[PDB]
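Asks: What follows is a single structure, and I will ask about it in a moment.
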Amino acid sequence: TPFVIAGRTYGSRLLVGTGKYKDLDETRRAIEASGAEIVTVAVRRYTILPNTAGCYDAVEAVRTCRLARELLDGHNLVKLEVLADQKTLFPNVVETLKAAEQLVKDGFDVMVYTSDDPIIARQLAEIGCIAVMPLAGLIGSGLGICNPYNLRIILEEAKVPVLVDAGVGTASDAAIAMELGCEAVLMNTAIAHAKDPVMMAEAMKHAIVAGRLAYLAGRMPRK
Amino acid sequence: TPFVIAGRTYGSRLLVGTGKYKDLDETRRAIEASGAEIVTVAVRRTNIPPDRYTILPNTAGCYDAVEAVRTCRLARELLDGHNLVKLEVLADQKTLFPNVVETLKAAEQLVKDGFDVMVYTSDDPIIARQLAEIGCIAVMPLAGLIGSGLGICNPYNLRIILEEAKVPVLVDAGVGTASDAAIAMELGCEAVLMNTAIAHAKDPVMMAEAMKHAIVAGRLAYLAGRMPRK
């Protein structure tokens, strides 16, 4: 089917992050290999997805978004990302709800990072948000899907696109995400931190397409 | 060791629920077998000897902080000013998943209202952090959805909550069998709370005895310090 976000339709269902590589040659050759169409960048540090990485308040996230919307010539596409603390890098869903509401009535097209909590993921799509992106595992933990149960509920009732964002460890992790029903996946550390970044990219490139086909194909039951 | 909650210290680390059995004979014989000392009841849908047990009135059925807060006041006076309450603000009768925003709302109100709150919540480690900050005697993240009999669904988040827990942590609801509860204790929980796993087993009173050993076995294993994984 068609992978459409905020009106625009894309080919690659593999969003990819930046800033974790060793240099531009690498990130260039990598996100090139990943086959990604949308690539997110941490403003505070094709289709570019400015994300508020680094923010800890709705007020900070909201300001970073305004200041990125004007550096990108009024582009409303933003990845809201209000974290709790530099330690767990776990989302502060209360502040995220705060900022998400503010950003929506401010003309933005928000793709919001969040926990696997299915009810807060519900409200985020209600107050707007083009897409809700529950995490797979903690950021940079390379753990993969840690709560497939909650992930299924979020997908079952998702009224907007669902993207598993962050926490991925290898190809299979991403394949599984798609198999569960995600519209796309977003990763950074899994690629940029593999011994050979450019290959992991090509791997995920196939990883997310393989699982996406498997989802649509409708797998056999279990004896 | 001693299981202490809100000053009081108990022997059984197995809290048990009510209302899921077939009759009083059953629930009586069951929570009796479970060995539980603290037994929770859904005030809004159920009105056992309080000279034998510590009763934990819970706001099951509430969907707002306003409703949970009202049920708690009306249960605090039916129990002769007892401040022990299990805050439980759910999202919808479907998922029966906690509405952490409303729970934060009510938890704050209840704490500055003299209550001793044991709060039901998600496995979100940061909201579990704030709940202990705004007061709360104990934070009780779920194991699995209520009545899903799924057990620990997110041991990762569960570990973080335990690592940074500044108050007692009780895995509440979602349990499926004995091993599920044993695992919870092994992870580091101070106690466990269940209802459906016991009252819904083919033979409720036995499952009770099972969990009775289940939570003690895992609790000893935690303290014993298990061998590594070669």
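We count from 1, first residue shown onward.
Method of determination (from the header): X-ray crystallography, 2.9 Å.
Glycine too: its Cβ is placed from the backbone N, Cα and C atoms.
The feature active site, schiff-base intermediate with DXP is assigned by Swiss-Prot to B:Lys86. Under the heading 1-deoxy-D-xylulose 5-phosphate binding site, Swiss-Prot lists B:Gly147, B:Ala173, B:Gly174, B:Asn195, B:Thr196, citing sequence analysis as support.
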Asks: Please report the distance from the Cα of B:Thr196 (1-deoxy-D-xylulose 5-phosphate binding site) to the Cα of the residue listed as 'active site, schiff-base intermediate with DXP', rounded to the nearest angstrom.
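Replies: Taking the Cα atoms only, B:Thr196 (1-deoxy-D-xylulose 5-phosphate binding site) lies 17 Å from the residue listed as 'active site, schiff-base intermediate with DXP'.
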Asks: Within 10 Å of each Cβ, count the other Cβ atoms, then let me know which of the binding-site residues B:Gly147, B:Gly174 comes out lowest.
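Replies: Comparing Cβ neighbour counts within 10 Å for the binding-site residues B:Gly147, B:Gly174 gives B:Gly147.
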Asks: Taking the 13-residue hole in the deposited chain, the Cα-Cα distance from B:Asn47 to B:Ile48 is how many Å?
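Replies: It comes out to 11 Å between the two Cα positions.
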Asks: Taking the Cβ of each of the binding-site residues and counting other Cβ atoms inside 10 Å, which one has the highest number: B:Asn195, B:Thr196?
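Replies: It comes out as B:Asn195.
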Asks: Distance between B:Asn195 (1-deoxy-D-xylulose 5-phosphate binding site) and the residue listed as 'active site, schiff-base intermediate with DXP' at the Cα atoms, whole Å?
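Replies: Between the alpha carbons of B:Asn195 (1-deoxy-D-xylulose 5-phosphate binding site) and the residue listed as 'active site, schiff-base intermediate with DXP' there are 14 Å.
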Asks: In whole Å, how far does the CA atom of B:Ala173 (1-deoxy-D-xylulose 5-phosphate binding site) lie from that of B:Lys86 (active site, schiff-base intermediate with DXP)?
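Replies: Cα to Cα, B:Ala173 (1-deoxy-D-xylulose 5-phosphate binding site) and B:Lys86 (active site, schiff-base intermediate with DXP) are separated by 13 Å.
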Asks: Suppose the 1-deoxy-D-xylulose 5-phosphate site is B:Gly147, B:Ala173, B:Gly174, B:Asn195, B:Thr196. Which further residues of the same chain have a Cβ inside 8 angstroms of that site's Cβ centroid?
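Replies: Everything else in range on the chain: B:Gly17, B:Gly144, B:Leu145, B:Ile146, B:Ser148, B:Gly149, B:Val175, B:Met194, B:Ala197.
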Asks: Using Cβ-Cβ distances, find the residues under 8 Å from B:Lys86 (active site, schiff-base intermediate with DXP) that belong to the same chain and are at least 6 apart in sequence, listing them in sequence order.
Replies: B:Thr40, B:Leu56, B:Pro57, B:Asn58, B:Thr59, B:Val117, B:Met118, B:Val119, B:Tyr120, B:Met140
Asks: Run through the Cβ atoms and count how many others sit within 10 Å of the one on B:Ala173 (1-deoxy-D-xylulose 5-phosphate binding site).
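Replies: Around the Cβ of B:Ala173 (1-deoxy-D-xylulose 5-phosphate binding site), 26 other Cβ atoms lie within 10 Å.
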Asks: Could you check what DSSP calls B:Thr196 (1-deoxy-D-xylulose 5-phosphate binding site) once collapsed to helix, strand or coil?
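Replies: SS state of B:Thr196 (1-deoxy-D-xylulose 5-phosphate binding site) = helix.
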Asks: Widest Cα span across the 1-deoxy-D-xylulose 5-phosphate binders B:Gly147, B:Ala173, B:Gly174, B:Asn195, B:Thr196, in Å?
Replies: 9
